[PDB]
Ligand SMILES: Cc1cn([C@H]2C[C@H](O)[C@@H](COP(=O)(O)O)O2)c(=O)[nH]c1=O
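For reference, the chain that follows is the form solved without ligand TMP, supplied as C-alpha cells.
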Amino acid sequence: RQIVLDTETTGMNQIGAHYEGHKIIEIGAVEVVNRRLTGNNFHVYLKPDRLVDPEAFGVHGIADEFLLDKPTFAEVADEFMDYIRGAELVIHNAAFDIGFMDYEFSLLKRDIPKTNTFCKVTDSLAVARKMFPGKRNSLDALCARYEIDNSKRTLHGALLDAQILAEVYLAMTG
C-alpha cells in the first residue's frame, strides 16, 4: 500500500528550524493500492495551539476558530502512526512535512523515534527535479503539466493536495 501525504501547518519558519514554534493543523493522506484509489483516505484536523500565519491564511483559507473543537496530535498520535508505519511515504518536499511530523512526535515525550526509522520517506520533488531540471516543479505546476484540475475539486485543504499529489505520483511512475 502506498501512502501520499500533505500536511498543512500554522505557517513555516524561514530561519532555523522550519518547524520550531509551529504546529500541524490539518493532515491529509490518500491510500493507493495497485495504482488505484481504494478510498481509504485519512483526513483529520488538529489543534493549532496558536494563531494561524497571515501568509498561510491567504494560501487556502483556514481560521483558528475552525480548529478549536477538532482534536490535537495527541488524540491521533497512535492512530496516524499505525496508518503510515511500515509504508511508503510519498510527499512533496518531505523535509517540510516529516520535519513537522517528527517535531510533534517529540512533543509527546513518548520516546518515539524519527518517522524515517519506521517509514520509507521518499520526496516527489526530488523526482520532479530530476525529470524537469530548472523547471517549476510545484504541485500546481505539475498539475497543469499533466493536465490535472486542482481548482474544481470539492476536497479543500491538505486532502486536496494529497489527492493531486497521488495522481501526479502515479502519472510520473506510470
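All residue numbers refer to positions in the sequence shown, first residue = 1.
This next part talks about the form solved in complex with ligand TMP, which is not shown.
> I'd like to know if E55 sits close to ligand TMP in the entry with it bound, meaning any non-hydrogen atom pair within 4.5 angstroms.
Heavy-atom contact with ligand TMP at 4.5 Å: present for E55.
> If you check in the entry with it bound, is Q2 within 4.5 Å of ligand TMP, heavy atoms only?
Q2: no, not in contact with ligand TMP in the entry with it bound.
> Does at least one non-hydrogen atom of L139 fall within 4.5 angstroms of ligand TMP in the entry with it bound?
Answer yes; at least one heavy atom of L139 falls within 4.5 Å of ligand TMP in the entry with it bound.
> For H43, is any heavy atom within 4.5 Å of ligand TMP in the entry with it bound, or not?
No, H43 sits far enough from ligand TMP in the entry with it bound that none of its heavy atoms falls within 4.5 Å.
> Name the single residue among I112, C119, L67, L125 that comes within 4.5 Å of ligand TMP in the entry with it bound, judging by heavy atoms.
Answer to the contact question: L125.
> Let me know the one among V33, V59, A63, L107 whose heavy atoms come within 4.5 Å of ligand TMP in the entry with it bound, would you?
That would be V59.
> Going through 1-38 from first to last, which residues have a non-hydrogen atom within 4.5 Å of ligand TMP in the entry with it bound?
Contacts from 1-38: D6, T7, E8, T9, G11, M12.
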